[PDB]
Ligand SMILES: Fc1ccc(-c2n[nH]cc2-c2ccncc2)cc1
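Just one chain is shown here, as structure tokens, and it is the form deposited without this ligand.
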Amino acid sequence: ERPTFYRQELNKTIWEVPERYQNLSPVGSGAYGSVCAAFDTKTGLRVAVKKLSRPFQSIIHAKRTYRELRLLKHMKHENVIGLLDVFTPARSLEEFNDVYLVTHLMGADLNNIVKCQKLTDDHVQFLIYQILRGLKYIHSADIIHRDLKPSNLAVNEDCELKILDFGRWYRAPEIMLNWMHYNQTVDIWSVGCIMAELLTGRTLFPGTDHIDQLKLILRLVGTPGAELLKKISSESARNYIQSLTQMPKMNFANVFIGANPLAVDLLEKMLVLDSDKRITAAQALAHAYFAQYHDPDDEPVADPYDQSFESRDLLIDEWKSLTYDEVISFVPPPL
């Protein structure tokens, strides 16, 4: 069965979608794909509709498209965005170009929320718990989100949260400097920056320049020690520290005052500069600060996820074909 599409003009191009989606309004676009909000008549909820108009423009684009689509279809967790539908007007791989992705819109983005309210510790607690609970599930699939931002955390009027929009102030140092092999603790850094902002209401490292951003960080966590410099591989990186004035690592208890001491403890553990010593999600969920909500039995992981495609070198139409397969094979959620 093929659904009936209709055509209107938005943002300003021609959007052709199935009729289940009504009352489309543009919510803004960019270097990624245009997005309209719509009302889903099947589920009676308001949804986000994303139109990919340059998915197969090249190998880089095409593989990216297949990568994201595989991942979204695989993500099923209470605290992570899930793929509600995927469709194309194209009737055959021959005429295949545009891909639309639809997702559930929870009440608001957290960047927007933190303006409109000062958050209680009871809010931050439950908020940080769910990021970790979803992050644990993301990392269990051998995935790195790489782009944790308040703009990427949806929250609703009951303070329930979901991680969405997978991949410049919240990003771990070891990436900006191309030091090393960047592991999953890069997302824990962002969680640490996010937790700080939630408590204090102000951005923790509002860097303007790349250097400025780095400066602001070191004045808090201090400059690398003898142990970490051995672990920076390239000499460009290792010598970019030197004649830059050293700052000591600071005491966070004195930086965040009035904050819950257990919260202060957990931030010490997340914002360590050396990725090897930085805490994990599974270890974070067991932290005392979450004593109230932590349940080892309700913190699930992900079904094994086959990434073998990442090793393949294929032509566009090959990636194009594979993504079309995944679009045809999509199983919509229930309920």
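Throughout, rigid core stands for the largest set of C-alpha atoms superposing within 1.5 Å between the two forms. Position 1 is the first residue in the sequence shown; the rest follow in order.
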| item | value |
| --- | --- |
| Third-or-more of other entries without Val191 | no |
| Check: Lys115 without coordinates in a third or more of other entries | yes |
| Where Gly167 meets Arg168 in the shown sequence, the number of deposited residues left unmodelled | 10 or more |
| 236-244 versus 199-207 - which carries the larger mean C-alpha B factor in the record | 236-244 |
| Segment of higher mean CA temperature factor, 310-318 or 17-25 | 310-318 |
| Candidate residues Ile144, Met176, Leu105, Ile163, the one whose C-alpha B factor the record puts highest | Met176 |
| Peak C-alpha temperature factor (PDB record), options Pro304, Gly44, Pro300, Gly30 | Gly30 |
| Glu268 - Cα temperature factor, lowest/middle/highest third of chain | highest |
| CA B-factor ranking of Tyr66, expressed as a third of its chain | lowest |
| Lowest, middle or highest third - CA B-factor, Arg133 | lowest |
| Chain thirds of CA B-factor: placement of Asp85 | lowest |
| Lowest, middle or highest third - CA B-factor, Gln57 | lowest |
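We do not show the form deposited with this ligand bound, though everything after this point is about it.
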| item | value |
| --- | --- |
| Shown form pocket vs this ligand in the entry with it bound, superposition, backbone/C-beta distance 2.4 Å | blocked |
| Per-stretch contact check against this ligand in the entry with it bound, the hit in 116-124, 225-233, 247-255, 197-205 (non-hydrogen atom, 4.5 angstroms) | 225-233 |
| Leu273, heavy atom within 4.5 angstroms of this ligand in the entry with it bound | yes |
| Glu174, heavy atom within 4.5 angstroms of this ligand in the entry with it bound | yes |
| 4.5 Å heavy atom contact, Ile241 to this ligand in the entry with it bound | yes |
| Touches this ligand in the entry with it bound: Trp179 (any heavy atom, 4.5 Å) | yes |
| Heavy atom within 4.5 Å of this ligand in the entry with it bound - the one residue of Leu161, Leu218, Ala259, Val99 that qualifies | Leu218 |
| Sequence-ordered list of residues in 191-206 near this ligand in the entry with it bound, where near means a heavy atom within 4.5 Å | none |
| Rigid core superposition between the shown form and the other one: residue from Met250, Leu244, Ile144, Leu93 with Cα shift of 2 Å or more | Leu244 |
